[PDB]
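Lettering of chains follows the sequences in order, A, B, ..., and the numbering in each one begins at 1.
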Amino acid sequence: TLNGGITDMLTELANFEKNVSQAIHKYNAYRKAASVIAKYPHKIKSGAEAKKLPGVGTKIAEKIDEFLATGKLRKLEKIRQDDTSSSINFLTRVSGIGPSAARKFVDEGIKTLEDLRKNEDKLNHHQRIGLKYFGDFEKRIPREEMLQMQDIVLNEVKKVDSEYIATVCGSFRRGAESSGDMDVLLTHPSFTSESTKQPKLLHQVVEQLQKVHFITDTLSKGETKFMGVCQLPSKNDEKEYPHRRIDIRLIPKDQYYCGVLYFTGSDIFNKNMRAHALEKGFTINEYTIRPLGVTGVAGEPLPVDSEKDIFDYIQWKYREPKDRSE
DNA sequence: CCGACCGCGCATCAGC
DNA sequence: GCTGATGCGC
DNA sequence: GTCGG
Ligand SMILES: Nc1nc2c(ncn2[C@H]2C[C@H](O)[C@@H](COP(=O)(O)OP(=O)(O)[C@@H](Cl)P(=O)(O)O)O2)c(=O)[nH]1
Ligand SMILES: [Cl-]
Ligand SMILES: [Cl-]
Ligand SMILES: [Cl-]
Ligand SMILES: [Cl-]
Ligand SMILES: [Cl-]
Ligand SMILES: [Mg+2]
Ligand code: NA
Ligand code: NA
Ligand code: NA
């Protein structure tokens, strides 16, 4: 919150670019600047000071000067007053509606929650569930609830096959006191980079969690990735918990460290780390770290026995998950 | 000045 | 059906 | 929008 006004402004600008302008690189540029400014340990006194930080250039520096002088930004004030920009921005808040669908809906005269609810037949499955839990999905999850959810997921997974390992990642693993959703990394000895010896490894787990009425809805589901909706059980006479987003990712057991690095994030941290990898001549995904050849072709997976080995390859000092919240 | 900007799973669609 | 491109979200 | 080279 030290430079909260500035970071909020950059984030609003980032969202505009992504949702309305459909300019993903401007979106990332603003997110990068917000992130660097968020961790800067001084109250920013000028745009020039800000411009010293990597990711902050001339245009953002001017915006910071305007914001510091006036408490606001004219570019944003106008954006807020633009009905078409306002409408697209709102619609993209529904899970499943992105920039393209949002602008398409607006073209068709569909621009409010009421419009969505009366045109439910124009929504795909993902969009329908996003609309249904629109309110719920914007509520954060207290770590206490995350702990209860972890306990259910771990125990239920254990009931299916004691050889499964489920790990809660995302901001939870980075020690955050609240989370937007739950991310679960899943392994089982049967599924490795070499072989898949049992079918339905993910399916069985999803099934059990639906069976106990923990998972309530499915957004998408394939052999290795589940994205859906869950809900803690409530007690007698007590109000129901909000429905929550849950993602489950089944990763080859021998590829756990790359997978846990990936699912812990943050997403900006992963982008930064992967970009650094490239500068050092490596490429990182959720499975492997590979050297890049003298032309640019990914080579063979390098041996990895800890998250820190991955840091070591790219000559970064190790950062604990708590220090990855960029 | 100017490409390059992380990397990928699932749903959905166009074209054959 | 299939492949491949796009959207969306992670 | 920013940056490296
Ligand atoms: N490489 C990469 N990894 C990503 C990206 N987006 C997400 N991930 C990885 C890293 C993310 O950490 C992880 C989960 O994605 P959530 O969006 O749930 O992000 P968080 O859990 O961090 C928090 Cl926003 P919280 O949900 O508690 O509010 O997936 C991406 O664009 N690129
Ligand atoms: Cl762009
Ligand atoms: Cl403003
Ligand atoms: Cl690994
Ligand atoms: Cl790989
Ligand atoms: Cl930590
Ligand atoms: Mg999360
Ligand atoms: Na700078
Ligand atoms: Na959306
Ligand atoms: Na998630």
Side-chain angles (χ1 to χ4, degrees), chain A residues 9-11 13-14 16-19 21-37 47 50-64 75 91-105 122-130 137 169-171 179-186 202 206 218-229 245-252 255 258-280 282-290 292 296 298 310 314 326:
Chain A
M9 164 188 74
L10 297 174
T11 299
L13 285 168
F16 170 78
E17 296 296 355
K18 177 184 181 294
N19 298 331
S21 310
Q22 307 190 87
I24 198 65
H25 300 289
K26 289 210 196 178
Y27 157 68
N28 284 319
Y30 282 118
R31 286 171 104 197
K32 185 205 207 75
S35 182
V36 184
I37 287 174
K51 194 180 179 307
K52 301 200 141 296
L53 308 179
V56 181
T58 301
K59 300 271 270 163
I60 289 178
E62 279 167 15
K63 287 184 171 58
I64 292 175
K75 177 178 176 75
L91 290 182
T92 59
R93 288 167 56 195
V94 185
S95 184
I97 308 183
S100 188
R103 181 177 290 278
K104 215 225 168 201
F105 285 130
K122 295 199 186 180
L123 304 186
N124 63 34
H125 177 73
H126 185 148
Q127 294 168 345
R128 275 173 65 112
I129 303 306
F137 288 176
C169 301
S171 70
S179 295
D181 66 9
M182 175 168 277
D183 304 295
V184 188
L185 185 66
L186 183 61
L202 184 53
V206 171
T218 293
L219 294 173
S220 56
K221 183 171 167 299
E223 293 295 324
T224 66
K225 190 161 71 65
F226 176 83
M227 291 175 39
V229 182
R245 283 271 297 103
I246 177 159
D247 297 334
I248 306 176
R249 189 71 183 269
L250 172 69
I251 286 279
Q255 291 181 339
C258 283
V260 79
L261 170 69
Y262 151 80
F263 224 12
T264 299
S266 69
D267 63 340
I268 297 180
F269 173 82
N270 289 352
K271 285 179 70 275
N272 291 340
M273 193 172 173
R274 295 176 179 203
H276 190 251
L278 292 175
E279 298 169 0
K280 292 300 190 159
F282 299 88
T283 175
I284 300 176
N285 60 25
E286 58 261 66
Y287 306 120
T288 58
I289 178 174
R290 297 164 183 261
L292 292 167
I310 309 162
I314 74 174
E326 304 179 349

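If you check every strand for non-hydrogen atoms under 4.0 Å, A:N28 touches nothing. A:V94 comes within 4.0 angstrom of the backbone, heavy atoms only, and of no base. Using a 4.0 Å heavy-atom distance criterion, A:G96 is classed as a sugar-phosphate-only contact.
If you take CE of A:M227 and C1' of B:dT12, they are 14 Å apart, rounded to a whole angstrom. The separation between A:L278 atom CG and B:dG7 atom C1' is 10 Å, rounded to whole Å. As a whole-Å value, the separation of A:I129 CD1 from B:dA11 P is 14 Å. Remark: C1' of B:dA11 and CD1 of A:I97 are 15 Å apart, rounded to the nearest angstrom. Between the CG atom of A:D247 and the P atom of C:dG9 there is a distance of 12 Å, rounded to whole Å. Going from atom NZ of A:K104 over to atom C1' of C:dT6 covers 15 Å, rounded to whole Å. Rounding to whole angstrom units, CD1 of residue A:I248 and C1' of B:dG9 are separated by 15 Å. One can place CG of A:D183 at 14 Å from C1' of B:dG9, the figure rounded to the nearest angstrom.
Nucleotide C:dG1 carries a north sugar; the sign of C1'-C2'-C3'-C4' is positive.
A sub-4.0 Å separation between OP1 or OP2 of C:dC8 and a side-chain N or O of A:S95 is absent. Under 4.0 angstrom from either OP1 or OP2 of B:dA11 there lies no side-chain N or O belonging to A:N124. Residue A:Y287 places at least one side-chain N or O closer than 4.0 Å to OP1 or OP2 of B:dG9. Regarding contacts with the backbone of B:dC8, every side-chain N or O of A:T224 stays at 4.0 angstrom or more from both OP1 and OP2.
Under the rule for a ring-ring contact (aromatic ring centres under 6.0 Å, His included), the partners of A:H276 that lie at least two apart in sequence or sit in another chain are A:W316. Residues passing the ring-ring contact (aromatic ring centres under 6.0 Å, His included) test with A:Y287, sequence neighbours excluded: none.
Note that the CD1 atom of A:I284 and the CG atom of A:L261 stand 6.5 Å from one another [nearest 0.5 Å]. Put simply, NZ on A:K280 and CD1 on A:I289 are 12.0 Å apart, with the number rounded to the nearest 0.5 Å. Remark: A:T92 OG1 to A:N19 CG distance equals 3.5 Å, nearest 0.5 Å.
Listed nucleotides B:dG7, C:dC8, B:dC10 differ in distance to A:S100; the shortest reach to its side chain belongs to C:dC8. With distances taken from any side-chain atom of A:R249 to the nucleotides B:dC8, C:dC8, B:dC10, the minimum falls on B:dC8. The side chain of A:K271 lies closest to B:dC6 when the candidates are B:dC6, C:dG9, B:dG9.
Across the P atoms, D:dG4 and B:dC6 are found 15 Å apart, a figure rounded to whole Å.
At least one donor-acceptor pair under 3.5 Å links the side chain of A:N270 to the backbone N or O of A:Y262. Within the 3.5 Å criterion, the main-chain N or O of A:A23 finds no donor-acceptor partner in the side chain of A:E17.
Summarising the local packing, NZ of A:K63 is surrounded by more than 12 heavy atoms from other residues, nucleotides or ligands at distances under 6.0 Å.
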Considering only nitrogen or oxygen atoms on both sides, find all protein atoms under 3.5 Å from nucleotides 1-5 of chain D and state each distance.
from  : atom 1 : to    : atom 2 : distance (Å)
D:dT2 : OP1    : A:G57 : N      : 2.9
D:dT2 : OP1    : A:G57 : O      : 3.2
D:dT2 : OP1    : A:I60 : N      : 2.9
D:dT2 : OP2    : A:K59 : N      : 3.2
D:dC3 : OP1    : A:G55 : N      : 2.8

